[PDB]
Amino acid sequence: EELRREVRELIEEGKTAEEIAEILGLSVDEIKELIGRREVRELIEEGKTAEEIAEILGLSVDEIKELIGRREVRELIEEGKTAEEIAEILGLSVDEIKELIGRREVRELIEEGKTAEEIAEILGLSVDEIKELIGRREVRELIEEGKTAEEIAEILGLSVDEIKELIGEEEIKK
């Protein structure tokens, strides 16, 4: 019922799926049958590349790309990784990381003080697409600290033109 828990502790110990089969007396294929999504994130938290995990758990690079989803994209974008930086860790193309992007991946960077042009070059291939996908909540997130001509709009793109389509005029000066 929870045998997958008695396997994620040997992974964080440094052992490999080959050694997890011997220590637990089981077979190597059965260890591959207990490797889930949760057992992969912990190995993208020690900096290990996906190709390293291809030789840690013995799974194919085709079979590790099955498990890695948008969740690790947020985690790596959070740390300090960028555009091509993430793509090399996971063997994916940068476009595959573009196909795993969203507004939630952008909020965390507004929640670390970055600007539109700052994140446009961090995640790569972004310019007005960031401005296209800056939500009202991000401008509403700063309603407690509204205080510029266009820098509460430069962090979020441009000028009051943006802070007029994403909020009213009574809250332009609020």
# chains A, B, ... in the order shown; residues from 1 in each chain; ligands from 1
call {"tool": "residues_around", "arguments": {"residues": "residue 19 (chain A)", "least_positions_apart": "2", "cutoff": "12 Å", "atoms": "only C-alpha atoms", "output": "ChimeraX atom specification"}}
result
/A:7,10-11,13-17,21-28,31,56-58
call {"tool": "closest_atom_pairs", "arguments": {"of": "region 22-109 of chain A", "to": "region 114-132 of chain A", "cutoff": "6 Å", "atoms": "only C-alpha atoms", "output": "Markdown table"}}
result
| residue | atom | partner | partner_atom | distance |
| --- | --- | --- | --- | --- |
| A:82 | CA | A:122 | CA | 5.1 |
| A:83 | CA | A:123 | CA | 4.5 |
| A:109 | CA | A:114 | CA | 5.6 |
call {"tool": "closest_residue", "arguments": {"among": "A:134, A:97, A:92, A:172", "to": "residue 158 (chain A)", "atoms": "only C-alpha atoms"}}
result
A:134
call {"tool": "atom_distance", "arguments": {"atom1": "CA of residue 3 (chain A)", "atom2": "CA of residue 34 (chain A)"}}
result
7.8 Å
call {"tool": "closest_residue", "arguments": {"among": "A:152, A:53, A:89, A:94", "to": "residue 72 (chain A)", "atoms": "only C-alpha atoms"}}
result
A:89
call {"tool": "decode", "arguments": {"residues": "region 12-103 of chain A", "atoms": "C-alpha atoms", "output": "compact mmCIF listing (two decimals), in the first residue's frame"}}
result
# COMPACT_ATOMS: atom_id res chain seq x y z
CA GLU A 12 17.43 10.23 -0.99
CA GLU A 13 20.13 8.11 0.66
CA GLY A 14 22.03 8.00 -2.65
CA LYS A 15 21.28 4.42 -3.70
CA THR A 16 20.29 3.42 -7.23
CA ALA A 17 17.30 1.38 -8.38
CA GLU A 18 19.70 -1.52 -8.91
CA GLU A 19 20.74 -1.33 -5.24
CA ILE A 20 17.16 -0.75 -4.06
CA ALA A 21 16.18 -4.09 -5.62
CA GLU A 22 18.98 -5.97 -3.84
CA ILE A 23 18.56 -4.31 -0.44
CA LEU A 24 14.80 -4.92 -0.49
CA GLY A 25 15.39 -8.36 -2.04
CA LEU A 26 13.08 -7.54 -4.96
CA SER A 27 13.70 -7.36 -8.72
CA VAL A 28 14.89 -4.39 -10.75
CA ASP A 29 11.77 -4.29 -12.93
CA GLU A 30 9.56 -4.07 -9.84
CA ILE A 31 11.57 -1.03 -8.70
CA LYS A 32 10.73 0.52 -12.08
CA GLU A 33 7.07 -0.24 -11.28
CA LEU A 34 7.25 1.78 -8.04
CA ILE A 35 8.97 4.87 -9.50
CA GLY A 36 6.35 7.61 -9.74
CA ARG A 37 6.21 11.36 -10.17
CA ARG A 38 7.06 12.04 -6.52
CA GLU A 39 10.25 9.94 -6.66
CA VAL A 40 11.58 12.08 -9.54
CA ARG A 41 11.14 15.57 -8.08
CA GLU A 42 13.48 14.75 -5.18
CA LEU A 43 16.18 13.96 -7.76
CA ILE A 44 15.57 17.28 -9.51
CA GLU A 45 16.21 18.92 -6.12
CA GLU A 46 19.85 17.77 -5.73
CA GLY A 47 20.73 19.42 -9.06
CA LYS A 48 20.89 16.04 -10.81
CA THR A 49 20.21 16.28 -14.53
CA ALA A 50 17.64 14.01 -16.16
CA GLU A 51 20.40 12.07 -17.92
CA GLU A 52 21.92 11.46 -14.49
CA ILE A 53 18.58 10.01 -13.39
CA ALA A 54 18.51 7.93 -16.57
CA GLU A 55 21.53 6.18 -15.03
CA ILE A 56 20.21 6.40 -11.45
CA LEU A 57 16.86 4.65 -11.92
CA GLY A 58 17.81 2.79 -15.11
CA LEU A 59 14.81 4.19 -16.98
CA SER A 60 15.02 5.43 -20.55
CA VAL A 61 15.22 9.11 -21.37
CA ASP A 62 11.94 8.47 -23.20
CA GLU A 63 10.49 7.13 -19.94
CA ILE A 64 11.64 9.98 -17.68
CA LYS A 65 10.21 12.63 -20.00
CA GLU A 66 6.90 10.86 -19.33
CA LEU A 67 7.05 11.80 -15.64
CA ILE A 68 8.46 15.34 -15.63
CA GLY A 69 5.64 17.86 -16.00
CA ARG A 70 4.92 21.54 -15.43
CA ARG A 71 5.52 21.13 -11.68
CA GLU A 72 9.30 20.85 -11.98
CA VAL A 73 9.24 23.72 -14.48
CA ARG A 74 8.01 26.03 -11.71
CA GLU A 75 10.56 24.68 -9.22
CA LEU A 76 13.56 25.13 -11.53
CA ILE A 77 12.34 28.54 -12.72
CA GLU A 78 12.12 29.47 -9.03
CA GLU A 79 15.68 28.51 -8.02
CA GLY A 80 17.80 30.36 -10.57
CA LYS A 81 17.43 28.39 -13.77
CA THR A 82 16.51 30.18 -16.99
CA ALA A 83 15.56 29.39 -20.60
CA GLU A 84 18.20 27.06 -22.06
CA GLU A 85 19.33 26.23 -18.51
CA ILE A 86 16.26 24.10 -17.80
CA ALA A 87 16.15 22.57 -21.29
CA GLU A 88 19.61 21.03 -20.80
CA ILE A 89 18.76 19.62 -17.36
CA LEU A 90 15.78 17.72 -18.78
CA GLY A 91 17.02 16.92 -22.30
CA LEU A 92 14.01 18.79 -23.64
CA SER A 93 14.11 21.58 -26.17
CA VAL A 94 13.51 25.14 -25.03
CA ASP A 95 10.24 25.01 -26.98
CA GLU A 96 9.07 22.10 -24.84
CA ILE A 97 9.62 24.41 -21.87
CA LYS A 98 7.67 27.08 -23.75
CA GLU A 99 4.93 24.47 -24.20
CA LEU A 100 5.01 23.98 -20.40
CA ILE A 101 4.62 27.66 -19.53
CA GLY A 102 1.67 29.57 -18.09
CA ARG A 103 0.54 32.52 -16.02
